[PDB]
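Enquirer: This is the structure I have questions about; it appears just below.
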Amino acid sequence: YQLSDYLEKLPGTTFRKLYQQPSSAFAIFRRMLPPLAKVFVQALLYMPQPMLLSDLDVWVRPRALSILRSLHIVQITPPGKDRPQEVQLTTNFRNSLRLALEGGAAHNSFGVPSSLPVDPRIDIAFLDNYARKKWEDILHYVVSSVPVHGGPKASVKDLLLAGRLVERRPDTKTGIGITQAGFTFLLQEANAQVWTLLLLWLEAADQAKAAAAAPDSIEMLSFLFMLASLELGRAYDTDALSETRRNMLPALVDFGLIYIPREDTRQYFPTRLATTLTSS
């Protein structure tokens, strides 16, 4: 619904930057492309030259409903461009997806688990309370902007404001009132709610870059996919991340996708919000 809509707006140049990254290409591939599109793309990545449409039809076989829809989804997202009789895949996407399917991606590009002992008090229950309360607060905030005829971190308020889930208002003590977006946002399922905010967190950095040209969204998104491949209740090693990702842990903590302990900022714990992402 949301990620798809977001992606359908992205210009080619970004897609090819995003597909410098196996995990990304493989994540999209895995959990955007429908059962058939996968099948079509597999063969396509394997076969020698930009082959014949008719041969892809011979690949199709049964059921025979999505034969059209599958062409569109493929057409919009990847850099898998074609001209009648010829249907190519973009080097970047090919190269990226291959490495992924051959499990030959950088060793240090995944959630490196941590050797350090795990505080007995940090269980799935803790990591659920934490995350839950974190989201409670955000939801309470956007709620407390509904006319009545502390809350979250300042960085989130400003993000909701920028996102137009909330609008500045002269009348109200808060200085803030709910938008129709905000209403819609409040009705969405906890998954859709997290994506709604994350996509804003992304757009924000574009809206910034654009001006600041008087990390990029792609880096932020890649990392998100990574966090969706990690395991819940397991501690991961901070140092193994790239500077750009070490530099995103605060935002994701604010959002409740990550617990750090104060005791040891060598181990980051993804919450259920982080691992669910792509499975929803």
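To be explicit about the labels: the chains of the structure tokens are called A, B, and onward in the order shown, and within each one the residues are counted from 1, while ligands get numbers from 1 in the order they are shown.
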Name the residues in contact with segment 198-214 of chain A at a cut-off of 7 Å, using only C-alpha atoms, excluding same-chain residues fewer than 4 positions from it; report them as a ChimeraX atom specification.
Expert: /A:159,163,194
Enquirer: Go through segment 181-262 of chain A residue by residue and, counting only C-alpha atoms, keep those with an atom at most 7 Å from segment 101-120 of chain A; for each kept residue give the shortest atom pair and its distance in Å to one decimal, ordered by chain and increasing number, as a tab-separated table.
Expert:
```
residue	atom	partner	partner_atom	distance
A:226	CA	A:110	CA	6.5
A:230	CA	A:111	CA	6.1
A:235	CA	A:114	CA	5.8
A:236	CA	A:113	CA	4.1
A:237	CA	A:114	CA	4.8
A:240	CA	A:108	CA	6.3
```
Enquirer: Keeping only N, CA, C and O atoms, write the selected residues to a file as a PDB file, in the first residue's frame.
Expert:
```pdb
ATOM      1  N   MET A 226      17.666  -4.407   6.151  1.00  0.00           N
ATOM      2  CA  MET A 226      18.612  -5.155   7.030  1.00  0.00           C
ATOM      3  C   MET A 226      17.896  -5.491   8.341  1.00  0.00           C
ATOM      4  O   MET A 226      17.870  -6.690   8.718  1.00  0.00           O
ATOM      5  N   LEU A 230      16.921  -9.328  10.902  1.00  0.00           N
ATOM      6  CA  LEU A 230      17.555  -9.638  12.212  1.00  0.00           C
ATOM      7  C   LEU A 230      16.564 -10.409  13.072  1.00  0.00           C
ATOM      8  O   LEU A 230      15.404 -10.505  12.657  1.00  0.00           O
ATOM      9  N   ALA A 235      21.107  -9.682  20.597  1.00  0.00           N
ATOM     10  CA  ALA A 235      21.950  -8.474  20.673  1.00  0.00           C
ATOM     11  C   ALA A 235      22.861  -8.448  19.457  1.00  0.00           C
ATOM     12  O   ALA A 235      23.440  -9.515  19.150  1.00  0.00           O
ATOM     13  N   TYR A 236      23.006  -7.285  18.816  1.00  0.00           N
ATOM     14  CA  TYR A 236      23.849  -7.109  17.604  1.00  0.00           C
ATOM     15  C   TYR A 236      24.969  -6.102  17.909  1.00  0.00           C
ATOM     16  O   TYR A 236      24.802  -5.269  18.815  1.00  0.00           O
ATOM     17  N   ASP A 237      26.094  -6.185  17.192  1.00  0.00           N
ATOM     18  CA  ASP A 237      27.325  -5.404  17.501  1.00  0.00           C
ATOM     19  C   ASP A 237      27.284  -4.072  16.745  1.00  0.00           C
ATOM     20  O   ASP A 237      27.299  -4.096  15.484  1.00  0.00           O
ATOM     21  N   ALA A 240      30.242  -3.098  14.167  1.00  0.00           N
ATOM     22  CA  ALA A 240      30.167  -3.797  12.860  1.00  0.00           C
ATOM     23  C   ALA A 240      29.365  -2.981  11.837  1.00  0.00           C
ATOM     24  O   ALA A 240      29.526  -3.281  10.650  1.00  0.00           O
TER      25      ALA A 240
END
```
Enquirer: Between A:222, A:88, A:217, A:193, which is the closest to residue 280 of chain A once you count only C-alpha atoms?
Expert: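 Checking each candidate against residue 280 of chain A, we get A:193 as the closest.
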Enquirer: What lies within 9 Å of segment 71-87 of chain A using only C-alpha atoms, ignoring chain neighbours under 3 positions off, as a VMD selection string?
Expert: chain A and resid 4 7 to 8 10 12 15 to 16 19 25 32 to 34 37 41 44 49 to 54 66 to 68 90 to 94
Enquirer: Would you kindly return, as a list in words, each protein, DNA or RNA residue with an atom no farther than 7 Å from any atom of residue 176 of chain A, considering only C-alpha atoms and excluding same-chain residues fewer than 6 positions away?
Expert: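 Counting only the stated atoms, we get residues 145, 166, 167, 168 and 169 of chain A.
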Enquirer: Just the selected residues (N, CA and C atoms), exported as an mmCIF file, in the first residue's frame, please.
Expert:
```cif
data_model
loop_
_atom_site.group_PDB
_atom_site.id
_atom_site.type_symbol
_atom_site.label_atom_id
_atom_site.label_comp_id
_atom_site.auth_asym_id
_atom_site.auth_seq_id
_atom_site.Cartn_x
_atom_site.Cartn_y
_atom_site.Cartn_z
ATOM 1 N N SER A 145 -4.012 16.002 19.842
ATOM 2 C CA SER A 145 -4.302 17.082 18.863
ATOM 3 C C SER A 145 -5.730 16.954 18.319
ATOM 4 N N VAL A 166 -0.179 16.488 11.591
ATOM 5 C CA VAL A 166 -0.414 17.549 12.596
ATOM 6 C C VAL A 166 -0.185 18.865 11.858
ATOM 7 N N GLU A 167 -0.898 19.926 12.229
ATOM 8 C CA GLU A 167 -0.685 21.286 11.666
ATOM 9 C C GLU A 167 -0.611 22.285 12.827
ATOM 10 N N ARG A 168 0.243 23.307 12.685
ATOM 11 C CA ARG A 168 0.360 24.471 13.604
ATOM 12 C C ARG A 168 -1.008 25.158 13.684
ATOM 13 N N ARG A 169 -1.384 25.676 14.861
ATOM 14 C CA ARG A 169 -2.713 26.318 15.048
ATOM 15 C C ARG A 169 -2.656 27.436 16.094
#
```
Enquirer: Between A:253, A:227, A:43, A:56, single out the one closest to residue 155 of chain A, counting only C-alpha atoms.
Expert: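 The answer is A:253, which sits nearest to residue 155 of chain A.
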Enquirer: Could you pull out the strand (DSSP E or B) residues of segment 32-228 of chain A, going by DSSP on the backbone, and write them as a PyMOL selection string?
Expert: chain A and resi 82-83+86-87+113+166-168+176-178
Enquirer: Atoms to include: N, CA and C atoms. Write the selected residues as a PDB file, in the first residue's frame.
Expert:
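Written out: out32.pdb:
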```pdb
ATOM      1  N   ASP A  82      13.209  -2.710 -21.452  1.00  0.00           N
ATOM      2  CA  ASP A  82      12.965  -3.568 -22.642  1.00  0.00           C
ATOM      3  C   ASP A  82      12.615  -2.690 -23.852  1.00  0.00           C
ATOM      4  N   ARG A  83      12.740  -3.252 -25.059  1.00  0.00           N
ATOM      5  CA  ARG A  83      12.199  -2.694 -26.330  1.00  0.00           C
ATOM      6  C   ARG A  83      11.722  -3.865 -27.189  1.00  0.00           C
ATOM      7  N   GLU A  86      13.063  -7.532 -27.245  1.00  0.00           N
ATOM      8  CA  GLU A  86      14.206  -7.484 -26.291  1.00  0.00           C
ATOM      9  C   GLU A  86      13.707  -7.030 -24.915  1.00  0.00           C
ATOM     10  N   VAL A  87      14.114  -7.720 -23.842  1.00  0.00           N
ATOM     11  CA  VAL A  87      13.772  -7.366 -22.429  1.00  0.00           C
ATOM     12  C   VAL A  87      15.015  -7.561 -21.546  1.00  0.00           C
ATOM     13  N   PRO A 113      25.850 -10.496  15.035  1.00  0.00           N
ATOM     14  CA  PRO A 113      25.461 -10.725  16.422  1.00  0.00           C
ATOM     15  C   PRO A 113      26.662 -10.418  17.324  1.00  0.00           C
ATOM     16  N   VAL A 166      -0.179  16.488  11.591  1.00  0.00           N
ATOM     17  CA  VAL A 166      -0.414  17.549  12.596  1.00  0.00           C
ATOM     18  C   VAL A 166      -0.185  18.865  11.858  1.00  0.00           C
ATOM     19  N   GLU A 167      -0.898  19.926  12.229  1.00  0.00           N
ATOM     20  CA  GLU A 167      -0.685  21.286  11.666  1.00  0.00           C
ATOM     21  C   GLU A 167      -0.611  22.285  12.827  1.00  0.00           C
ATOM     22  N   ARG A 168       0.243  23.307  12.685  1.00  0.00           N
ATOM     23  CA  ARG A 168       0.360  24.471  13.604  1.00  0.00           C
ATOM     24  C   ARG A 168      -1.008  25.158  13.684  1.00  0.00           C
ATOM     25  N   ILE A 176      -0.928  23.170  18.213  1.00  0.00           N
ATOM     26  CA  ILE A 176      -0.957  22.070  17.204  1.00  0.00           C
ATOM     27  C   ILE A 176      -2.349  21.429  17.174  1.00  0.00           C
ATOM     28  N   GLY A 177      -2.838  21.080  15.973  1.00  0.00           N
ATOM     29  CA  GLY A 177      -4.117  20.372  15.741  1.00  0.00           C
ATOM     30  C   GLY A 177      -3.980  19.225  14.741  1.00  0.00           C
ATOM     31  N   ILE A 178      -4.881  18.239  14.800  1.00  0.00           N
ATOM     32  CA  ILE A 178      -4.782  17.019  13.948  1.00  0.00           C
ATOM     33  C   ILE A 178      -5.207  17.366  12.525  1.00  0.00           C
TER      34      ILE A 178
END
```
Enquirer: For a test of reading the model, state the distance in Å between atom CA of residue 185 of chain A and atom CA of residue 279 of chain A, rounded to one decimal.
Expert: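 Atom CA of residue 185 of chain A sits 19.7 Å away from atom CA of residue 279 of chain A.
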Enquirer: Interatomic distance between atom CA of residue 59 of chain A and atom CA of residue 98 of chain A?
Expert: 20.3 Å
Enquirer: Using only C-alpha atoms, which residues sit within 12 Å of residue 30 of chain A once same-chain residues fewer than 5 positions away are excluded, as a PyMOL selection string?
Expert: chain A and resi 22-25+35-39+41-42+97+100-101+225+229+278-279
Enquirer: Would you output that residue set with N, CA, C and O atoms, as a PDB file, in the first residue's frame?
Expert:
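result35.pdb written:
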```
ATOM      1  N   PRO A  22      22.948  -5.602  -2.550  1.00  0.00           N
ATOM      2  CA  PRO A  22      22.239  -6.885  -2.570  1.00  0.00           C
ATOM      3  C   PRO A  22      21.000  -6.924  -1.657  1.00  0.00           C
ATOM      4  O   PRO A  22      19.889  -6.941  -2.189  1.00  0.00           O
ATOM      5  N   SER A  23      21.193  -6.874  -0.333  1.00  0.00           N
ATOM      6  CA  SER A  23      20.111  -6.902   0.685  1.00  0.00           C
ATOM      7  C   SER A  23      18.890  -6.125   0.181  1.00  0.00           C
ATOM      8  O   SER A  23      17.777  -6.653   0.330  1.00  0.00           O
ATOM      9  N   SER A  24      19.087  -4.927  -0.389  1.00  0.00           N
ATOM     10  CA  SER A  24      18.000  -4.071  -0.936  1.00  0.00           C
ATOM     11  C   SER A  24      17.276  -4.822  -2.063  1.00  0.00           C
ATOM     12  O   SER A  24      16.064  -5.150  -1.904  1.00  0.00           O
ATOM     13  N   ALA A  25      18.005  -5.101  -3.151  1.00  0.00           N
ATOM     14  CA  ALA A  25      17.496  -5.747  -4.387  1.00  0.00           C
ATOM     15  C   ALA A  25      16.766  -7.038  -4.016  1.00  0.00           C
ATOM     16  O   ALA A  25      15.637  -7.289  -4.509  1.00  0.00           O
ATOM     17  N   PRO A  35       4.397 -13.584  -6.856  1.00  0.00           N
ATOM     18  CA  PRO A  35       4.894 -14.930  -7.147  1.00  0.00           C
ATOM     19  C   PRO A  35       5.390 -15.155  -8.582  1.00  0.00           C
ATOM     20  O   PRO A  35       6.404 -15.804  -8.752  1.00  0.00           O
ATOM     21  N   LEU A  36       4.675 -14.604  -9.562  1.00  0.00           N
ATOM     22  CA  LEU A  36       4.944 -14.781 -11.014  1.00  0.00           C
ATOM     23  C   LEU A  36       6.154 -13.926 -11.412  1.00  0.00           C
ATOM     24  O   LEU A  36       7.111 -14.481 -12.023  1.00  0.00           O
ATOM     25  N   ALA A  37       6.117 -12.632 -11.065  1.00  0.00           N
ATOM     26  CA  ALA A  37       7.179 -11.640 -11.372  1.00  0.00           C
ATOM     27  C   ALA A  37       8.543 -12.215 -10.966  1.00  0.00           C
ATOM     28  O   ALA A  37       9.473 -12.176 -11.806  1.00  0.00           O
ATOM     29  N   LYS A  38       8.645 -12.750  -9.743  1.00  0.00           N
ATOM     30  CA  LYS A  38       9.834 -13.511  -9.270  1.00  0.00           C
ATOM     31  C   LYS A  38      10.234 -14.493 -10.373  1.00  0.00           C
ATOM     32  O   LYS A  38      11.318 -14.297 -10.973  1.00  0.00           O
ATOM     33  N   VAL A  39       9.356 -15.462 -10.662  1.00  0.00           N
ATOM     34  CA  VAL A  39       9.592 -16.567 -11.642  1.00  0.00           C
ATOM     35  C   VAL A  39      10.151 -15.953 -12.927  1.00  0.00           C
ATOM     36  O   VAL A  39      11.203 -16.427 -13.399  1.00  0.00           O
ATOM     37  N   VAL A  41      11.597 -13.021 -13.450  1.00  0.00           N
ATOM     38  CA  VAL A  41      12.889 -12.310 -13.198  1.00  0.00           C
ATOM     39  C   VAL A  41      14.019 -13.332 -13.007  1.00  0.00           C
ATOM     40  O   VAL A  41      15.153 -13.029 -13.435  1.00  0.00           O
ATOM     41  N   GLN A  42      13.736 -14.478 -12.372  1.00  0.00           N
ATOM     42  CA  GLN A  42      14.751 -15.536 -12.106  1.00  0.00           C
ATOM     43  C   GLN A  42      15.357 -15.938 -13.457  1.00  0.00           C
ATOM     44  O   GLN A  42      16.536 -15.584 -13.719  1.00  0.00           O
ATOM     45  N   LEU A  97      21.464  -8.667  -7.235  1.00  0.00           N
ATOM     46  CA  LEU A  97      20.561  -9.818  -6.944  1.00  0.00           C
ATOM     47  C   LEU A  97      21.355 -11.131  -7.010  1.00  0.00           C
ATOM     48  O   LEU A  97      21.121 -12.004  -6.146  1.00  0.00           O
ATOM     49  N   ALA A 100      23.480 -11.797  -3.973  1.00  0.00           N
ATOM     50  CA  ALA A 100      22.480 -12.108  -2.922  1.00  0.00           C
ATOM     51  C   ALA A 100      22.089 -13.585  -3.021  1.00  0.00           C
ATOM     52  O   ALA A 100      22.317 -14.315  -2.041  1.00  0.00           O
ATOM     53  N   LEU A 101      21.587 -14.015  -4.184  1.00  0.00           N
ATOM     54  CA  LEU A 101      21.096 -15.405  -4.422  1.00  0.00           C
ATOM     55  C   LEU A 101      22.249 -16.417  -4.306  1.00  0.00           C
ATOM     56  O   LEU A 101      21.977 -17.613  -4.022  1.00  0.00           O
ATOM     57  N   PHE A 225      15.567  -2.462   5.640  1.00  0.00           N
ATOM     58  CA  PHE A 225      15.494  -3.862   5.127  1.00  0.00           C
ATOM     59  C   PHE A 225      16.384  -4.764   5.995  1.00  0.00           C
ATOM     60  O   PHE A 225      15.864  -5.749   6.572  1.00  0.00           O
ATOM     61  N   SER A 229      15.639  -8.387   8.675  1.00  0.00           N
ATOM     62  CA  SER A 229      16.267  -9.728   8.540  1.00  0.00           C
ATOM     63  C   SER A 229      16.884 -10.185   9.867  1.00  0.00           C
ATOM     64  O   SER A 229      17.344 -11.331   9.889  1.00  0.00           O
ATOM     65  N   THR A 278       9.226  -5.923   6.728  1.00  0.00           N
ATOM     66  CA  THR A 278       9.034  -6.442   5.348  1.00  0.00           C
ATOM     67  C   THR A 278       7.992  -7.562   5.331  1.00  0.00           C
ATOM     68  O   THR A 278       7.390  -7.761   4.264  1.00  0.00           O
ATOM     69  N   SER A 279       7.758  -8.245   6.451  1.00  0.00           N
ATOM     70  CA  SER A 279       6.771  -9.353   6.543  1.00  0.00           C
ATOM     71  C   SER A 279       5.361  -8.765   6.696  1.00  0.00           C
ATOM     72  O   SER A 279       4.483  -9.475   7.232  1.00  0.00           O
TER      73      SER A 279
END
```
